[PDB]
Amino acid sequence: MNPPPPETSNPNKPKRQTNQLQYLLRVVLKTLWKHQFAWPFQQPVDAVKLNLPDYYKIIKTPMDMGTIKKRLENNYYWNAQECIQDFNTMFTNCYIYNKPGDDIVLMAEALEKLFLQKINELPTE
């Protein structure tokens, strides 16, 4: 069973655009998206499709790059750190749901390294 995907809009929450957020979409996300190991992370985990009936029994704060992309496109975030936290939640979810050495974990590990490389330096405000 699948819960609703994470919100990509919220009228109670203030919107913002910054140079760093623009960069997170244009450069960081859109480059990671093209990586050979990006595909498991491009949409919310579908526990019915993927036959992971316990996915959402284990993962209580799901996150994926499809959601992050939409949030960035919608100016959902206040700042870059908020967006960066979503990427980190996505990676840690993978390490939590699986186990060390798994192919899926090797994929997340490679993506996380590339992610860190790209956010090491962000544009100035």
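Note that residue numbering follows the sequence shown and begins at 1.
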| query | finding |
| --- | --- |
| Third of the chain, ranked by Cα B-factor, where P53 sits | middle |
| CA B-factor ranking of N79, expressed as a third of its chain | middle |
| Chain-relative CA temperature factor third for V27 | highest |
| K34 - which third its CA temperature factor falls in, relative to the rest of the chain | highest |
| Chain-relative CA temperature factor third for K70 | middle |
